[PDB]
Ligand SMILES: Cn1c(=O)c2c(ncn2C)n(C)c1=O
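Here we start with a single chain on its own, the form deposited without the named molecule, put down as structure tokens.
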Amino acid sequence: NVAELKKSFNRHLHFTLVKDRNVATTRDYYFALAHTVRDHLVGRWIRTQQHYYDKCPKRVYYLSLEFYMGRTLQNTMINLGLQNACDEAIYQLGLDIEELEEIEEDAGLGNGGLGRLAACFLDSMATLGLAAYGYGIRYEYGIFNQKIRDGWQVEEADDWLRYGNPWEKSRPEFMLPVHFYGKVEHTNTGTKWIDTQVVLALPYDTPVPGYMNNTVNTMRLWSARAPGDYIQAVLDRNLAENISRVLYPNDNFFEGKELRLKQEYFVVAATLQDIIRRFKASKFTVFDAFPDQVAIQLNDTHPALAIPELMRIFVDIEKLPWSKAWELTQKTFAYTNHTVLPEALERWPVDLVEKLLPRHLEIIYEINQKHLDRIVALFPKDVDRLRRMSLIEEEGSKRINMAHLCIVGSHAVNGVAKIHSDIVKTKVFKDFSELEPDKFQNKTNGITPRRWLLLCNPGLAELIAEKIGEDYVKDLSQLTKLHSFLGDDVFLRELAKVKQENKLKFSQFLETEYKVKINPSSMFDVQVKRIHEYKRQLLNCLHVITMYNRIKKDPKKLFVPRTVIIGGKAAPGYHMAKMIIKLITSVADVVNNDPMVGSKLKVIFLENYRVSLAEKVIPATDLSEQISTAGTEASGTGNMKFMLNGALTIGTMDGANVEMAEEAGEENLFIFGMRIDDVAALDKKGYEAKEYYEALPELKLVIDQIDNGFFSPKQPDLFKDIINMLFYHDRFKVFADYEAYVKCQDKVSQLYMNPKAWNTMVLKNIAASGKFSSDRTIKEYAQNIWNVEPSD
């Protein structure tokens, strides 16, 4: 009750923060409330873990280098059914819970979709009652804080643990040693990796509360600690601890740095030991049942080294015969592929691996040897097949194809969207899937309806609950029941009203953050995600300029006002992406300050886009931009978040976009541009950018405007690199989709002119978004890959 929550809060403020109400700070209150909320998890956390030991169900281990978790407080309050009461207690204490909630640092230990999927999964798995564990690195610094200086992205260290994290519990008794470098000996008592360097792995446990269900699972993040001149030797301890120091800020791009390889082995070695530990300590030659008790999901190839590591443990330590160890290994691992771009592919140079992980390279060679021995046996005269299927790339400086390793060391390989999984199976890994068709499957991504609905959009969640009950929260497929209210004008009005309140709250945020007067009744056109060429924020920028020009040539023409928001972080070393940011801020400066356009159109670059900000901007969106070149977005997930929160989608037939269309009906989505096939034919025929440039007046003007310095007077050639790429090196064919895009955009504004018809489509969307719950995704994984059963 309220009375007791206030007692607890005041107790923590007193004993935990050691503060008086007259000298407490907002951070003091936030921490007090956080502890008060955490205390309500303890019982179920301890109980849940105990229960797994007692009933010994098969455990699922999600191994990933990233966990884009965002904030915890509110998510915990909601999942525990404590939000309303905490809200009231904090209120009665003369405080604003929303003010306390903003003090919390995001746990941005991720780059984007890949890291956010793990976070959503952790939520679903706990909600479905699975004995699941999240394993990753406790980066001292997550994804950098993006600031905008003179229109350019600037990075600042994300010191998220500076003031402490009340949601974690260090478990020193489970500390483990990790080995790096050294050499290998093949003694008569088994082979031995000796003269290695050791780095301790200290685990920190974070509670993962299921939604209203008695389950609180665990997320275990490891921290690196260290085991001439004295002072210097002490300072040098920083080198070992530098391993879990900061997250590599790359999204869909492989950067073969040695430190990154260390991070990868670090988490893979600490996790496997811990897993083997817990197994050999369970109630249960003993390892014969390992695969029936353990399931390790490989989040992309980053934790690929987990395969040769398990084998290493099985053979070098447990002394099992290779045959057995290898059989158990394949049964233990499952690999998820989320890559398409060739630059995202992880190909480690054998020289680097040999120097850091000598024993693992040997194991990888062995796996490869036995692997190709099989192909040769099956396809004798196929010599190319061998080099095409080898885990080693001999071409020039030899490199290890981590994906091939994952495919051979796993009993299941999956894509993240029908379209994606199909290309992965039939195209990218045809040689492999041909041998074992059954191994390759699909698992369309999903998002958690808790954080992405109940939490970020209470108004909508409430509206829906009032009309169909709260069952939808644990079974989102229940949203189809909203189809009964299609002809309900009072409901459509309520729906729109909810969206209006969202836009207003967010508009305030914008006005206070940026010096710009937002038009509360304008259509909110939002494209938020990591800045990437394949994502085409550039394409969007051409439409904004294209829109601006139209306003000048006819400032009196009836126009649907718009507030175009574009946000996203750029990898620090991604030049183009950083150039595209400058362009947007540049175009924004002109548009936003032209007295001619005035309140007809406003452009904002949403700074520091992250999970907590996404929860703010998504619920306030009218139009969601998902315009990646066909075949480039494996699936996407932000797309699903917009659809669930009442936004219409303008996008290509790419990733999950295709499935959202299947569910809601293509006509209820603004699909445009060329499809995967058209992109192939254009590739064959060849891509001549200038053609569209000369063929389309609207475009040409936009381009020349960009090229001539219209958006950068003091630096006319500022966007030279962009213009050059656009014309001679655009793999994502921006101009090839410009016409269809702008045409599509016009149709959007048209429908926006008919409120009743717009909210009708919106409803058709929300009502058909159930499929995209990460609860459905996890059920399919558990059923067809992990072989585990859910409980309640």
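One rule holds for the numbers: they count along the sequence shown, beginning at 1.
This next part talks about the form solved in complex with the named molecule, which is not shown.
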item	value
Partner proximity in the entry with it bound: residue 574 to the named molecule, non-hydrogen atom cutoff 4.5 Å	yes
Residue 251 within 4.5 Å of the named molecule in the entry with it bound, heavy atoms	yes
Contact flag, residue 532 vs the named molecule in the entry with it bound, heavy atom cut 4.5 Å	yes
Heavy atom contact within 4.5 Å of the named molecule in the entry with it bound, the stretch among 370 to 378, 252 to 260, 457 to 465, 309 to 317	252 to 260
